Amino acid sequence: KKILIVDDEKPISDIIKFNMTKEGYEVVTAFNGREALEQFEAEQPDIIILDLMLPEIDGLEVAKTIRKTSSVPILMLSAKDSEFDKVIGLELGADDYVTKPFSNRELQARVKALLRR
Ligand code: BEF
Ligand SMILES: [Mn+2]
């Protein structure tokens, strides 16, 4: 399975990439919302892990535009942790929303759960 991870902070991207690689997934990375849409279109990932505070196009906008054409599972992963943030993330089309700082094991279990369903 192929995972697109979208995050502008390279240290975070690297941590998540390391963890997905350990699970046997193929990893693609994007570092802003424009790269996220371009990678989504070129790579057709099986799942997207999506940060929200991103250069160029923010993650909510990325999720909304992906949803215009695709039902690819989207797991938002953000320091934005308010009721409002989670609710609008899910309403716009995210299948799950996990906050930073996060457990690596839980992230792995949530990716598996989304892929399962
Ligand atoms: F920059 Be992410 F929304 F933590
Ligand atoms: Mn960010």
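So, here's what we can say about the structure. (Residues numbered from 1 in each chain as written, not as in the entry; some residues may be left out. Chains lettered and ligands numbered in written order. Heavy atoms only, no water.)

### Quick word on the pattern of salt bridges
One pass over the structure, following the stated rule, counts eight salt bridges. Salt-bridge contacts for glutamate 43 lead to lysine 2; the nearest nitrogen and oxygen are separated by 2.7 Å. Taken as a pair, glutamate 43 in helix α2 (residues 33-43) and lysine 2 in strand β1 (residues 2-6) lie far apart in primary sequence, 41 residues in all. On the basis of relative accessible area, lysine 2 is assigned to the buried category, the value being 17%. Members of the salt-bridge network, linked through shared partners, are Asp7, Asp51 and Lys100. (Salt bridge = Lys/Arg side-chain N within 4 Å of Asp/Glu carboxyl O. Helix = DSSP H or I, 4+ residues; strand = E, 2+ residues; numbered from the N terminus. Buried < 20%, exposed > 50% of the residue type's maximum accessible area, 1.4 Å probe, protein only.)

### Description of the coordination of the manganese ion (ligand 2)
Around the manganese ion (ligand 2), the protein supplies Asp8 (OD), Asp51 (OD) and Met53 (O) as donor atoms, at distances of 2.1 to 2.3 Å. Owing to a relative accessible area of 54%, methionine 53 belongs among the exposed residues under this scheme. (Donors = N, O, S within 2.8 Å, 3.2 Å for Na, K, Ca; no water.)

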